[PDB]
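Understanding the architecture of this molecule
Single-letter residue listing:
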Amino acid sequence: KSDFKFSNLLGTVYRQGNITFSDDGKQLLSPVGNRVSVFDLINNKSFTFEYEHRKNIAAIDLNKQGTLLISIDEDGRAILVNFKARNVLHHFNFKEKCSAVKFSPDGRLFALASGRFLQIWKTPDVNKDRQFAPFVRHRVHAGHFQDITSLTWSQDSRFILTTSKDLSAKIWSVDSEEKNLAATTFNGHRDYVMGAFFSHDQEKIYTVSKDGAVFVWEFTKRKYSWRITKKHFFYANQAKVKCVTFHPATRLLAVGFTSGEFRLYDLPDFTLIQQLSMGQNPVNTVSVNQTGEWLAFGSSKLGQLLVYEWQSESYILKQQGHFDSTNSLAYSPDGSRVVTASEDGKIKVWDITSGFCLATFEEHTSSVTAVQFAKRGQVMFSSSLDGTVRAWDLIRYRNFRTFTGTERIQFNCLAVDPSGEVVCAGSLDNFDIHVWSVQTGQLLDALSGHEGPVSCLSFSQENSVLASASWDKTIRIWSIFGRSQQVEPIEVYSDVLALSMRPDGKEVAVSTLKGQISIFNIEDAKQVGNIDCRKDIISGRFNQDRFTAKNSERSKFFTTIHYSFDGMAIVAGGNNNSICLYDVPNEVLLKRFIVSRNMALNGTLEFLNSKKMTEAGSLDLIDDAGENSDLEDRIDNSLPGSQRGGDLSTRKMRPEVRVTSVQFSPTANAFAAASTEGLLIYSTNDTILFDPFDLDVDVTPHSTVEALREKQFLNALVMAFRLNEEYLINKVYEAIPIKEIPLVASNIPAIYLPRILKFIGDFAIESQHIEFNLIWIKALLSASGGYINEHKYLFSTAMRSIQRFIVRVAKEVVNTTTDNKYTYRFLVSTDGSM
Amino acid sequence: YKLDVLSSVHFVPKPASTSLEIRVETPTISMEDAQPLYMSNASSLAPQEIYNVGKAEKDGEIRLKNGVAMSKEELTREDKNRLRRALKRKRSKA
Amino acid sequence: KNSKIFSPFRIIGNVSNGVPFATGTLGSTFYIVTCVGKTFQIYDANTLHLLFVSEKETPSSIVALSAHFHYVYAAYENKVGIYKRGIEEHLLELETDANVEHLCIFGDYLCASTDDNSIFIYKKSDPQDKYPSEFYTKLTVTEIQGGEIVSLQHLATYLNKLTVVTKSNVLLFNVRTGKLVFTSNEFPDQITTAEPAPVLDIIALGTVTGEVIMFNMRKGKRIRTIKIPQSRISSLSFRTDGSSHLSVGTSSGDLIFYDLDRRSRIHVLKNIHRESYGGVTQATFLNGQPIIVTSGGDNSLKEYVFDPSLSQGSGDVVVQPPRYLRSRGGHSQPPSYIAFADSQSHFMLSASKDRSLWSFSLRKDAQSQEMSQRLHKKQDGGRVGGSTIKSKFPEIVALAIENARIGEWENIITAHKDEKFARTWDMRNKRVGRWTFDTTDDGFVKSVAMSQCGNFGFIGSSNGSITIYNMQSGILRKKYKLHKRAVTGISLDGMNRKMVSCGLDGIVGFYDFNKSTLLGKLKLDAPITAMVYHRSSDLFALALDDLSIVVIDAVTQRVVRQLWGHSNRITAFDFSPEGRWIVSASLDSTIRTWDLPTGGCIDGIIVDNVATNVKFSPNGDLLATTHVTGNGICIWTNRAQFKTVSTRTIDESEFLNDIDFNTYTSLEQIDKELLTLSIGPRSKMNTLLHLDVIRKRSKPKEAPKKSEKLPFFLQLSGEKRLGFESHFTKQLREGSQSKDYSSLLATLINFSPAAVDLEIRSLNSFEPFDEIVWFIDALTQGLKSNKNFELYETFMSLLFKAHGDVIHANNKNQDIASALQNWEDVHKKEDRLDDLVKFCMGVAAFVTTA
Amino acid sequence: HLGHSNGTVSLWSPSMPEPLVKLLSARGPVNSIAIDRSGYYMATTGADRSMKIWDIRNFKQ
RNA sequence: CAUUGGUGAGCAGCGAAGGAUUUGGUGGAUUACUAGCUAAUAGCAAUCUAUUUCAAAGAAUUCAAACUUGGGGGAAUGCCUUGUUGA
């Protein structure tokens, strides 16, 4: 209940740097800002490592034995990761800027193109334990004149050649004795050589340069060595080559351009297989399978990922996650989907398990600031700054009606009647709560009475009173249904923002500007208590700041709050660096989560370094933009005081750290906080934790199993619930037979009914037993359903996990059987032909 | 785009907007992004929107809005009266 | 004594021990090697970072060190390591049983000198070779020739001559021949330390009486002599800047500087290293630079510099006295009580018998600082009572730290040895806090704790009283009185609701803290030395005097686990980060690893030096132990984070694999009745049902541009009747013979969804209808097994899209309908989930809504 | 004298809009140039690990 | 009578061979530690020169190139672009 971990980051499928597949076709590794997130294209699951990387990743390599992972900053830090242990092995520092990391094809020893040096290192053994200094450097080769920009290996382990910003391209052999075999330097291009490669026979070397030229080097005559046999030209007009890979067993230069294009070739022939438009923004990285038939592209401007199959001319994914620009959230009534707003306007529908967006919604013109669901997940509402709140369908993907005001007002926030009749929205311009009906797109009423704007709006799910949240320091609770039209204001101390209501329908949790979170009653105007949040908020000092991080008033409040569905915990998050988990009765926070550790983002550090401060100004505020080689980087088009604006170029600041909107999951103790880096997901699906309940000395895991040999089936379930460990429970849940399921399921005590319902809800989704799991849910609902009705709120996370299992996977098996059952009846009974 | 970026997006909306759009019936896995799953299986056009009941082309029949078709020859004169009286008040409402 | 869980990472917090450090020169920069016991270190000299530590521990202590440019020559007991980057690249073994005292390098030769007055010569096997490897010869010195060997020096410009200095006199050996080319005269004093000079032909000498003797070798005479009162000279060095300067390092902690031109001392340094631990063991002017590097035996290493002279015209007479520059610090004494500071395992507090607390860094080893002891001037205005000759705080026996409100007030409470109060410390400012906490009943503080909110500070007196001081103001709030003997551990739960305490009278009292009521009171048998609470799960463990760990649930108020197996007093222990382990260290010189579910030890580590404290990280990665001898902190890497750990009670041997590796794979199927799914992803039904719609949306909008010259057989070109039939139809056909399909359907699981549409559309049936009727009889034989109920019905439905035109027109054939009745006789049984889901739906909709 | 990525050191003058005379100094680009104070002599340094010594009076290296 | 105002005389109290305020300079941190240099599979580090050269490889838009301009109006002379006269 208390220990959460960073389980998943969602959205921003690619940010910067190298994108590599697994040894197989299966696991796709793409960088996010900090973390090497792991996608599984076949066995549809997603996964993101818990380790922070201190700046943005520049490069990634995967061990061909599927075991070691290296991710390296812009500056040159380095981290080893075990895959199958999901954990950090060693933190290494390279003292210069790195450009490409690739292992051997053998897997023994990895190379690093850092600065103008080629560094060749022995990888540490995996099964050997962690030491102080696990890396052993083989050699450092130094023959280059400017920075080395790429790297490749041979197909044997024994040859490595690099490409530089120097025009050269030099072959290095690994062992010193094979130096005499190959030491020559390839040159002759006109601009930056960005790739050089081997064919499947190592006789021929191709080179690829920024200007658009391909050479074919070959050990040929005029005792004779390495002429250019034939030149090939892309003829890119104002496009330039940006990243190129080459699958040598299938002869494919997958080539990306600065004009968003992409070409394919077959290299002794140079026949253009196919040319695509991948976007308006430049292709920043490519890589291939080992088998050569998934490609993987990412433009880093919008931050989109494109996995392309080339033989059948079809995508696997063209996904786009967006950065610094997700305003609000909503979990579905099912646990399985999270809908994020944007600042573009696009409303995406993200999946938790396989972390890609299902659909977009591209009807709004400007940013979207609130999203909520209603009506058991068919509809989804969204208030924009376009001047409208639009309804949506999820069965058909369409607007119902676009609700608008009278005099065209902005809409911040939104509240939907649980019985989906009424949609309420609130502004900054008007401070009048507009109220639309769902059927008739007219506004029913303009509920007014606030000084200052409405921050948030939300409905009871119990009796459907709504409660507004002004900036005249007053909650005002409305009652809008049925001949009453009566109003009750509750004054608070400072400007409130981001209300939320308990699923009881009897309490309202507020987040004022003094930091403090107060909890009011509704049927009375008085408050239960308040919990103090000004101290346990971590605040960043920005780079351009002039005050200490201790006494700035930027971030010490909370711009969101959401009660858990138990009604016992609040998760709060604001423009600060931190997320909180307050307990509601005991009034004490449980654990504080730092959202990100990036120097790249602004609001991270409590204390900046002192060596950055030169007598005139910080050494981060200096424009490095004019130093850059390309034109497109140097053009500063940032508008003067644009904050949280349209594009990320128009800041002329680093992006701020802010957690915009936070919600709990319905099912499984998860909560998602929508960050700058992208939508975070915290969870407890590990359960590597010993949280026992009512242990005697007699209860051991040796004792529960011996109750199963003794056929003592109700005891061995209760003896396994006392440990609250999942592998003892799966030992006894899968053991006991059908004939004593309803005898056991009734005799379960009333204490463990949340545990077994949180178990079967979480276990049956990814487990093969449909028929065995449903006999449990038949037995538990029938034998002890009346206890479930009394404590509805202690089970609403457990039951929702069950009736997601029934809708998502159980009904679709039924409907396919039903489709099988009726198609049989039509064909075998009706008449033939001719 | 430039002026709203200066103004720190807070955008005063356009006053009026009237537009027609044309939707094409597709099985609505084909309206979502490239990803190997889906949430919606049916067609994008609603079943009401691909068949409204309509007045029959023959003069000898009258079809109502619910699907209760009536010929002109199986009516009684008192049922002829009410239907002309019913189509009186709906036509006069416009 | 090999453990299965832990493995040592390195020892944190040691700099030197007394063995003379030796400097090496790279280009224009300087590196200092030191040693720590059996594992030497390397420091840069430009900023004193840690650059290299050795890869393995040596089998004994390193006795002497020297370093020529890249290669560090380390000399433990019988052998000499020739190390590069801390890696042992060549081990050189000396053929005696004597232990090597001193070592020297010049030219092609290595010169190692054992303790029994014998000198070994090792030659470079080739002038290309970098480390000398071949045994050249054995030089001996009989006691009629000279005394015991003080040192080995090689002076400048002597072809293979080796200046062997002894306690009596000075020798010279031509190591090519092996002959004594010159012997000096006998000295009236016992020589202690020799060092060469930047002038020609002169070695400097140091006696046990305070006399430095310059000694020429070409004249064989004493050129200059310098008398020192009452000092045992331990180190000598010459400044090579161009100004003549001698640095004499005593063994009474003094460093003394001379000016040989002016024949005067310049400035004498007092107590730069401790007299008791050895004084200045080695001091060295770096070459051509005004930097002397002093490293005593008291686990420090300091650099001192000479500022330029203030006089314009005079210069060499008015000399600035030396100046403190950077240094590194460790504990001189072994650490008494440590703790971890934060969650990311980034600082460790360590308080030792040196009386000085240190915030060591696991992360970067130049980040470690002594927490200051400089009392805040009082709010009240009256002056602070203390001795004016400032002495350090008495040594620290109990520490508590909660990190929740750091940087705003104090968050570290320490209890000093034999003081009726117990001070506080700020973590961020690295300083003693402004508040001191008294016990108000004149008892000694034996145990402290803090609230998780960081507002309350618990103090457990040795007379029962538990005073709870607040942490803003240091004000008194509540005083609890349950115990009568010494309280030896307090804690507060995670919720700030319930509070425990443990006494030496055996009472384990359970308090409420919101209300001030005593919830309950539990009495065990033995007196109770210490308590470690675990706030995540409300389990806490006690250490008794009947040598057993008792673990007590904090909610249900009863002993849950009791752990037997120790045989002497349990020093300290800690829970795992997840409550799954307890690691306890005791005076039986063991470190065990208890396992709370199964109630037994799973790993027993016999360490020869007894471990005083064991502390896990809050993260699940590091384990830190502090021993009785030695100064630093041994850090253990956790294999459990990278490997599953068996849970067997193996300890009794030295001194259900479901359960042993604590993981459980599911059944494939419980019983033959139960329907199942396919193992793996749940999208395999959906992609098989919707493969045509997915591919119609996956494609690009427009056609990609092709060239006209394309290889027609491009897919086949990838550079590296019944026999012509595919493997599926052939395995169907052989399956059609034996009327069985169990090996067939194992293939249909392992096809790709891309393959299955290409496969079932290829069933070759127009007139005879063999292959359809064989394929239906595969699916009916599938559902009789009840495995993979999802997929086989989708293989059924995929027929009716591909061949539903065909089997409809050839309905009422007796061969097809024989299969289809055999389908429907099988397919009727699996309505029993459709009658099961609707009950599972309609109840759960009725229960949660209504 | 400008220097380009061609390697063509180009003499210029504010009256004529064409270069006065082009000079293929080195292969690749031109890292720097310098001209003797007398005006006779030029020295170019291309990025092809090369270096030329030109005579600007007669345009012969 | 009240000071939540300024100055300045005293006392209780706190009080180990002194106390308080203010400030110059240097060092160690302020992200996670695999050494310096060069012509770099090696050499130096007292230095690369009386081996530092030859050989090899190396020349696309047959001469693409302001994605970069505050807004109106003009541009004689320039320049650009096209057309043309003449050799």
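As recorded in the PDB header, cryo-EM is the method behind this entry, and the stated resolution is 3.8 Å.

If you walk through the whole model with that rule in mind, you get 70 aromatic pairs over all chains. Put simply, the rings of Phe4, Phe6, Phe593, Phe664, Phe671 and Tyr682 of chain A touch in pairs and so form one group of aromatic residues. The ring of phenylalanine 323 of chain A is capped by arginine 15 of chain A, whose NZ or CZ atom sits 3.6 Å from the centre of that ring. Lying over the aromatic face of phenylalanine 347 of chain C, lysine 430 of chain C brings its terminal NZ or CZ to 5.0 Å of the ring centre.

Okay, the environment of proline 17 of chain D next. Note on placement: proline 17 of chain D falls in the loop between β1 (8–11) and β2 (21–24). The spacing of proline 17 of chain D and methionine 42 of chain D is 25 residues in sequence and 23 Å in space, taken between C-alpha atoms.

Moving on: the sheet that holds strand β32 (residues 358–360) of chain C. Residue and element names in this part refer to chain C. Read from one edge of the open sheet, four strands run β30-β31-β32-β33, paired in antiparallel fashion. The open sheet has two free edges, formed respectively by β30 (335–340) and β33 (369–370), since each of these has just one partner strand. Bridge count for strand β31 (residues 348–352) against β32 is three bridges, and the pairing is antiparallel. When the bridges of β32 are listed, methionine 348 appears paired with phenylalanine 360.

Every contact between the two is made by 40 residues of chain A and, on the other side, 31 residues of chain B. Of the roughly 3,000 Å² buried where chain A meets chain B, counting both sides, 52% is carbon and sulfur surface. In this assembly, chain A and chain B are joined by one salt bridge. Across the pair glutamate 49 of chain B and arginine 398 of chain A runs a salt bridge whose closest N-O atoms are separated by 2.7 Å. Our count for the contact surface shared by chain A and chain B stands at 14 residue pairs in polar contact. Going through the elements one at a time, β29 (314–320) and β32 (348–351) of chain A are the ones with two or more residues in the side of chain A that touches chain B. Of the residues forming the side of chain A that touches chain B, the biggest block, five residues, is contributed by β29 of chain A. Here the side of chain A that touches chain B is built from residues that sort into 16 nonpolar, 13 polar and eleven charged.

Right, let's get into the protein's contact with RNA strand E. In the vicinity of RNA strand E there are 83 residues, among which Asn93, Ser176 and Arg190 of chain A together with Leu50 and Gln367 of chain C approach most closely. Of all RNA strand E atoms lying within 4 Å of any protein atom, the proportion belonging to sugar or phosphate reaches 45%. For RNA strand E, a base nitrogen lies 2.6 Å from a polar atom in the side chain of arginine 363 of chain C. Secondary-structure elements contributing two or more residues to the surface near RNA strand E are β9 (87–93), β12 (117–122), β13 (136–141), β16 (169–173), β21 (227–233) and α1 (631–634) of chain A together with β5 (50–53) and β29 (323–329) of chain C. Along the lines of polarity and charge, the residues of the surface near RNA strand E split into 33 nonpolar, 24 polar and 26 charged.

The chain pair with the greatest number of contacts, out of four pairs of chains in contact, is formed by chains A and C. Between chain B and chain D there is no contact, and the shortest C-alpha to C-alpha distance separating them is 37 Å. There is a clear gap between chain C and chain D: no contact, and 28 Å between their nearest C-alpha atoms.

Moving on, we get to the sheet that holds strand β50 (residues 570–575) of chain C. Residue and element names in this part refer to chain C. Strand order in the open sheet made by the four strands is β50-β51-β52-β53, with antiparallel pairing throughout. For this open sheet the edge positions go to β50 and β53 (600–606), each flanked by a neighbour on one side alone. Mean inter-strand twist for the sheet, computed between neighbouring axes without regard to direction, equals 20°. With five bridges joining them, β50 and strand β51 (residues 581–586) adopt antiparallel strand pairing. For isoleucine 570, the partnering residue across the bridge sits in β51 and is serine 586.

Definitions and cut-offs
- Residues numbered from 1 in each chain as written, not as in the entry; some residues may be left out.
- Chains lettered and ligands numbered in written order.
- Part of a larger assembly, values for the part shown.
- Heavy atoms only, no water.
- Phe/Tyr/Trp six-rings, centres within 6.5 Å; stacked < 30°, edge-to-face > 60°.
- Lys NZ or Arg CZ within 6 Å of the ring centre and 35° of its normal.
- Helix = DSSP H or I, 4+ residues; strand = E, 2+ residues; numbered from the N terminus.
- Pairing = 2+ DSSP bridges.
- Contact = heavy atoms within 4.5 Å.
- Buried area = accessible area lost by both parts, 1.4 Å probe.
- Salt bridge = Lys/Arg side-chain N within 4 Å of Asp/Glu carboxyl O.
- Polar contact = N/O pair within 3.5 Å; in protein donor to acceptor, adjacent residues only side chain to side chain.
- Nonpolar A, V, L, I, M, F, W, Y, C, P; charged D, E, K, R; others polar.
- Near = heavy atom within 4 Å.
- Axes fitted to C-alpha atoms, helices over the stretch in contact; angles between N-to-C directions.

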